[PDB]
Amino acid sequence: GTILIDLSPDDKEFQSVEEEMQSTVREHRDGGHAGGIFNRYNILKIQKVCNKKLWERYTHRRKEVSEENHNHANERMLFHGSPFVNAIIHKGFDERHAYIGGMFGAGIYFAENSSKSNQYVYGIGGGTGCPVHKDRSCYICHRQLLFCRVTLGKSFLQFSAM
Amino acid sequence: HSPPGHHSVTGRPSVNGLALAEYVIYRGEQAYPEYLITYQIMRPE
Ligand SMILES: COc1cc2ncnc(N3CCC(CN4Cc5ccccc5N(c5ccc(F)c(C#N)c5)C4=O)CC3)c2cc1OC
Ligand SMILES: [Zn+2]
């Protein structure tokens, strides 16, 4: 059911998504071990993910959560990195593949820093890095991130020691 | 599962003052994978 629509770099949506990617890079306390050493990206392509089934399931849940939280979905746009992005765009996020090792419970993780999500694109801790060169700092291989619409509703605030 | 009467968790760094939040949801229907971004990291000059 999914179709991918290529956005022109001249498109305001391409430009605003790029700016959120670039502007949310930070340094990491691992010195670049997991995600590599960089201050910015080379954006190669931005595709809009169009799936009527997935969108309708999202908006149905968003209305349920809104109604449970004084008409407030608390909807954010957040990055997700994992080796499973090509699965997720076809079948949606699957909570049965939840991150059990995560600091905040067994669920689906998203990040405000694009560079946090970049740490996970080749797996937990960056895994063994890119498939071709086994390099977590590969400057050659193409990476993919999702920029996602996320309903937080009433969000439990867990202060992290990070 | 989310904490009772919560829909998500906000993992808010309290030590690194420049680190922004992480978020966890427990139902895949609470996210839509809206944009697929293909990129390289750039080697600093
Ligand atoms: C082909 O197999 C799969 C198909 C899938 N289809 C849909 N959804 C999937 N998952 C993807 C993994 C999600 C939980 N994880 C797992 C994970 C594995 C490896 C690297 C990172 C992650 N993260 C993750 C953890 C910390 C993070 F900060 C971020 C971000 N951004 C992402 C998850 O949220 C839950 C939803 C799938 C996961 C699959 O494999 C486990
Ligand atoms: Zn590589």
Side-chain angles (χ1 to χ4, degrees), chain A residues 1-2 20-21 24-26 28-30 32-38 41-42 44 49 51 53-54 57-58 61 76-150 152 158 160 162, chain B residues 1-2 8-13 16 19-43:
Chain A
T2 292
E20 184 74 356
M21 272 279 282
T24 63
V25 177
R26 65 171 171 88
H28 291 267
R29 290 314 177 90
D30 70 356
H33 186 89
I37 299 179
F38 65 96
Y41 313 104
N42 182 29
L44 298 167
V49 176
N51 184 308
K53 187 163 105 162
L54 289 181
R57 282 174 211 243
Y58 173 74
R61 180 58 186 155
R76 308 298 176 86
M77 295 294 302
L78 298 166
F79 298 98
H80 174 85
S82 74
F84 309 103
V85 296
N86 287 104
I88 292 164
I89 66 184
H90 291 288
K91 289 323 207 102
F93 287 100
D94 182 355
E95 61 278 19
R96 295 169 315 177
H97 291 285
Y99 183 22
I100 68 159
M103 285 188 102
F104 308 111
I108 310 168
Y109 285 61
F110 301 83
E112 285 171 346
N113 289 122
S114 67
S115 59
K116 170 57 56 175
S117 292
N118 175 74
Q119 291 183 306
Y120 290 89
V121 297
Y122 294 139
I124 300 304
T128 61
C130 64
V132 167
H133 310 96
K134 303 309 200 202
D135 182 359
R136 283 183 295 267
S137 198
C138 193
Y139 299 114
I140 297 162
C141 291
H142 292 184
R143 300 178 186 220
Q144 299 189 127
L145 280 185
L146 293 170
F147 184 54
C148 302
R149 190 176 299 268
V150 180
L152 299 178
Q158 174 77 59
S160 162
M162 304 291 101
Chain B
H1 277 226
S2 309
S8 67
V9 172
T10 301
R12 204 183 194 276
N16 182 356
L20 304 180
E22 284 181 53
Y23 301 90
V24 187
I25 62 173
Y26 300 96
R27 297 151 81 121
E29 323 88 81
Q30 256 168 248
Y32 184 78
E34 195 149 327
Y35 301 89
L36 176 65
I37 301 163
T38 303
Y39 67 99
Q40 295 157 313
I41 58 164
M42 294 180 59
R43 185 185 310 262

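Scope of the values below: all heavy atoms of this structure, side chains included, with no hydrogens, waters or symmetry mates. All chains are named by letter (A, B, ...) in the order of the sequence lines, taking the proteins before the strands, and each is independently numbered beginning at 1. Start at 1 and go down the list; that is how both ligands and their atoms are numbered.
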If you draw a 6.0 Å radius around [atom1] in [X], do more than 12 non-hydrogen atoms from other residues or ligands fall strictly inside?
{"X": "A:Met162", "atom1": "CE", "value": "no"}
{"X": "A:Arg76", "atom1": "CZ", "value": "yes"}
{"X": "A:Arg26", "atom1": "CZ", "value": "yes"}

Scan A:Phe84, A:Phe110, A:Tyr109 and name whichever one has a ring pair (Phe, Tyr, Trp, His ring centres under 6.0 Å) with A:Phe93. A:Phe110
Output yes when A:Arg149 and B:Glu34 qualify as a salt bridge under the 4.0 Å nitrogen-oxygen rule, no when they do not. yes
What is the nearest protein non-hydrogen atom to atom 13 (C) of ligand 1, stated with its residue, atom name and distance? A:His97 O, 3.7 Å
Closest protein heavy atom to atom 6 (N) of ligand 1, given as residue, atom name and distance to 0.1 Å: A:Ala87 CB, 3.8 Å
At the Zn ion (ligand 2), what is the angle formed between atom SG of A:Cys138 and atom SG of A:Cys130, rounded to the nearest 10°? 110°
Measure the CD1-CZ distance between A:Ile108 and A:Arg96 for me, rounded to the nearest 0.5 Å. 11.0 Å
Pick one of side chain, backbone, both or neither for how B:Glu22 approaches ligand 1, counting any non-hydrogen atom pair under 4.0 Å. side chain
Ligand 1 versus A:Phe84, non-hydrogen atoms closer than 4.0 Å: side chain, backbone, both, neither? side chain
If we only consider heavy atoms of [X], is any one of them less than 4.0 Å away from an atom in ligand 1?
{"X": "B:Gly28", "value": "no"}
{"X": "A:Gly123", "value": "yes"}
{"X": "A:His80", "value": "yes"}

